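The next block holds one structure in the form of structure tokens; read it before the comments.
Nothing in this text is a laboratory measurement; each read-out follows from the coordinates by a stated rule. Positions of Cβ are backbone-derived with ideal geometry, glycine not excepted, and every protein chain shown enters the neighbour counts.
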Amino acid sequence: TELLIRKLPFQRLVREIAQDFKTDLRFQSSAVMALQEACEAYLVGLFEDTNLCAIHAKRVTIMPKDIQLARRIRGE
Amino acid sequence: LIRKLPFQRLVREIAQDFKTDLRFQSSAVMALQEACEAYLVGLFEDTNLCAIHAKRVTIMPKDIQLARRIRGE
Amino acid sequence: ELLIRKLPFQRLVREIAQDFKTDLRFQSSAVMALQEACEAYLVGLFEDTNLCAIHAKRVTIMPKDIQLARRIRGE
Amino acid sequence: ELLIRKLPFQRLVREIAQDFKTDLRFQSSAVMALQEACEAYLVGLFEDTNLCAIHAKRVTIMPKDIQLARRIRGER
Amino acid sequence: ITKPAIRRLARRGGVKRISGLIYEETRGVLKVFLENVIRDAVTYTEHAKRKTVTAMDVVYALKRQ
Amino acid sequence: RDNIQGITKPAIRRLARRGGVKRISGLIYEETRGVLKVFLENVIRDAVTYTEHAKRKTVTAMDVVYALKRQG
Amino acid sequence: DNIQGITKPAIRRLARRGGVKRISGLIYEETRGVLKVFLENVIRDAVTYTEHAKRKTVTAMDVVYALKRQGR
Amino acid sequence: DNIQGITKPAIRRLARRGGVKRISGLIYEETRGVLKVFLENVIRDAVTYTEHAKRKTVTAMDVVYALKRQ
DNA sequence: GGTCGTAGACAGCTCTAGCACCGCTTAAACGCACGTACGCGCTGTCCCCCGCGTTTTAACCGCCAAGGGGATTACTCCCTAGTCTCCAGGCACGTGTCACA
DNA sequence: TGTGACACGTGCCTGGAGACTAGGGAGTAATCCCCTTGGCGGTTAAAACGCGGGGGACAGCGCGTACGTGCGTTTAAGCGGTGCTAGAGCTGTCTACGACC
């Protein structure tokens, strides 16, 4: 549905990363929107897995240990 | 390690319940058992990681459930 | 300057490609560059495998040697 | 847990910098990050040398294993 | 499937302790995984026009799972 | 500049609550920003490589789509 | 068996170009599998690049970019 | 001349995390040399990057960028 | 199947770090307009790609003789990990000196 | 320039540095044999080398077209604090529990 990250800060972050990789690169607005949706979906999935791990550990507050475990299980 | 006789019995049973009139050779069952060994050792390593994450040493069914749910099953 | 015969390598590359996507043509220069890259990769892997074998007081190379070279090469 | 004591590692880093180029300032955060990366690299190198030693029908790691792992990884 | 084989697999996987129902759950998940891989192999064999499932069929099923 | 902090803390909290999380540790935000930066760097590197291959100067939607396809 | 075109003497020539003096029997099969994996990866990347560029053939640039992805 | 700051127990414990069981007596000098080479590479890369950044000091992010190129 | 050492949920138990609550701020964004440079095809051309066709190169097969690997095991024998005892840092604790936008 | 970031003197536990030692494992070798590999002779099953069609790579030409930048401003949302508390790390136990035959 509606995006959860503010558009302009994410656009600026993507452009900064691109400038770090390849300078003087223009971004199509649709490409940045697709990147935004991809990042939102990835973070939503990662947080779902992290919440599953945390609830398994008999705790509600997710901790960086949970995120690390979820990433190691998923192969990242 | 898994003995070849029970693995052959299980694959024959699952073939009977899925698609009969099928035959498996020694190389095919060897490849299947190698894949089984790799998959089970990976799954058990993931469940062990969940277990240490859970402040416990026993690998209960919960660890299997986690490793199956997160990995995409 | 090539160690793998060109035509069977073309056949293998096209077989892999048609396993990926069907009705795909190949530029001859593309297949030539791919074969050169594969030859360089295997020459490097065999250099590292011979290194492993001579490290283990051996001359004959064994699949253990290639497996170790790949394992400590990141592959 | 960091297995290299902080002060000798700081002294070594400062000595390396001074020999390479004098008048350089290092802070706690940069040195800590460098030490963590160095420890991770050394752990990986020792894992690879243990693999080489086990392959050589041996358990005691000798400098032959170190040189083998370094030259295969491409660092040498 | 036998319990000692599951124990050897767990020990190879870095397991130190083993529960009771884990054996049954491992049997079930192994049955499901074999069902999936055999279904993929049968689909490929129907696509490859072969009488019986071969080793290359298994390798292709794993690599295109 | 250090623009990764532009991913606001409420944005990460909203993303987590979208996934069903009910409580967020204080150290979740920095780890999440690092993970997001790693993923974004990977995808942007792939998209830039695809754009360079196409002899183009503008990263279009196809480049990002193929970058996502190549990674997971 | 379309990979058997990579013959035993071809692998022997590759190894002796790599400095190997003696080669065991299973080395041929292991090397065949290793090269199949490498070709699968590189050709997958090359055909992905070709699909991205909207073309029906793989040119030298696609293979070069695939090898760049592989880290050659 | 302070490379000896990487003491024998430190190298032994670092190898212990690496799965090593036994360590020869000549590993310590080789490991000290390897650490000297690796820190020289990383420090030189970080210093080059931070001179390119128009700064007279080095920061943690400089080290991170230097390691990213390893 | 049996017989013998360990422990996870429950109940507190205590501190705490996180969830609202709120005031102040601020910049994201919605809109508006512009320059223009690159994307996206149009159109045309012809490069070379795939598909067929004859001759040395070489890959297979098989056999034989050298060689080298795995293994045992003498066979010392080298020297590392554990142990013991003695000696150089390390973190707070100050007190003072140099750098930066 | 104000605010922030390093350098030197101490006590003490803590970790590192001298040896001692008993094994564990490294190293060299004699068969050895036997089990592969290499090499060599014969052969054949291919690869490497010449014409055609046209599929599609490649180059030039637009042309709307969408990106960069450049404001107006304003309000939803973020950032500082507190108020408040369910929740996380840490204890004792008893049936539940996994290791040995």
As an exercise: evaluate residue H:1 against (1) more than 8 Å from chain D (Cβ to nearest Cβ); (2) in a loop (DSSP other than H, G, I, E, B) and give the number of the one condition it does not meet.
(1)
Would you please name the residue that is farthest from residue D:68 (Cα to Cα), looking only at residues in region D:6-26 that are within 15 Å of DNA strand J (Cβ to nearest atom) and more than 7 Å from chain H (Cβ to nearest Cβ)?
D:23
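Looking only at region D:54-65, filter to residues that are facing chain H (nearest Cβ under 7 Å) and either assigned to a helix (DSSP H, G or I) or surrounded by 24 or more Cβ atoms within 10 Å (Cβ to Cβ) (or both); which one of those is nearest to DNA strand J (Cβ to nearest atom)?
So the first thing to find is which residues in region D:54-65 are facing chain H (nearest Cβ under 7 Å), and the list is D:59-63.
Narrowing further to those that are either assigned to a helix (DSSP H, G or I) or surrounded by 24 or more Cβ atoms within 10 Å (Cβ to Cβ) (or both): D:61, D:63.
Working: D:61: 8, D:63: 10 Å.
That would be D:61.
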Looking for whichever is more than 7 Å from chain G (Cβ to nearest Cβ), more than 13 Å from DNA strand J (Cβ to nearest atom) and touching a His at 6+ places or on another chain (Cβ under 6 Å) here; the options are C:68, C:51. Which one fits?
C:68
Residue H:13 fails exactly one of the following numbered conditions: (1) more than 8 Å from chain D (Cβ to nearest Cβ); (2) among the basic types (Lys, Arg); (3) within 12 Å of DNA strand J (Cβ to nearest atom). What is the number of that condition?
(1)
Here is a list: F:18, F:70, F:1. Which entry is within 24 Å of residue G:68 (Cα to Cα), more than 12 Å from DNA strand J (Cβ to nearest atom), touching a helix residue (DSSP H, G or I) at 6+ places or on another chain (Cβ under 8 Å) and not acidic (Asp, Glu)?
F:70
I'm told residue A:34 meets every condition in (1) within 16 Å of DNA strand I (Cβ to nearest atom); (2) in contact with a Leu (Cβ under 6 Å, 6 or more places away or on another chain) except one. Can you identify the failing condition by its number?
(2)
Among the candidates G:1, G:45, single out the residue that is within 13 Å of DNA strand I (Cβ to nearest atom), out of contact with any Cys (no Cβ under 9 Å at 6 or more places or on another chain) and among the acidic types (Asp, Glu).
G:1
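Hey, among the residues in region H:37-52 that are within 16 Å of DNA strand J (Cβ to nearest atom) and more than 7 Å from chain D (Cβ to nearest Cβ), which one's nearest to residue D:41 (Cα to Cα)?
Here the answer is H:46.
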With criteria (1) in contact with a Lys or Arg (Cβ under 8 Å, 6 or more places away or on another chain); (2) within 14 Å of DNA strand J (Cβ to nearest atom), residue E:57 comes up short on (2)
Cβ pairs under 6 Å, 6+ apart, first in region F:35-62 and more than 12 Å from residue A:14 (Cβ to Cβ) and in contact (Cβ under 8 Å) with a residue 12 or more places away in the chain, second outside any helix (DSSP H, G or I) and within 12 Å of DNA strand J (Cβ to nearest atom):
F:51/F:59
Those residues of region A:34-45 which are touching a residue at least 24 places away in the same chain (Cβ under 8 Å) and facing chain F (nearest Cβ under 8 Å) amount to A:35, A:39, A:40
Answer residue from region G:4-38, given it is more than 9 Å from DNA strand I (Cβ to nearest atom), outside any loop (DSSP other than H, G, I, E, B) and among the small types (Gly, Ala, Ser) and is surrounded by the most Cβ atoms within 10 Å (Cβ to Cβ) among those
G:15
Just to be sure, is residue A:2 out of contact with any helix residue (DSSP H, G or I) (no Cβ under 8 Å at 6 or more places or on another chain) and more than 9 Å from DNA strand J (Cβ to nearest atom)?
no
Out of everything in region A:27-48 that is in a helix (DSSP H, G or I) and near DNA strand J (Cβ under 10 Å from one of its atoms), what residue ends up being surrounded by the fewest Cβ atoms within 10 Å (Cβ to Cβ)?
A:29
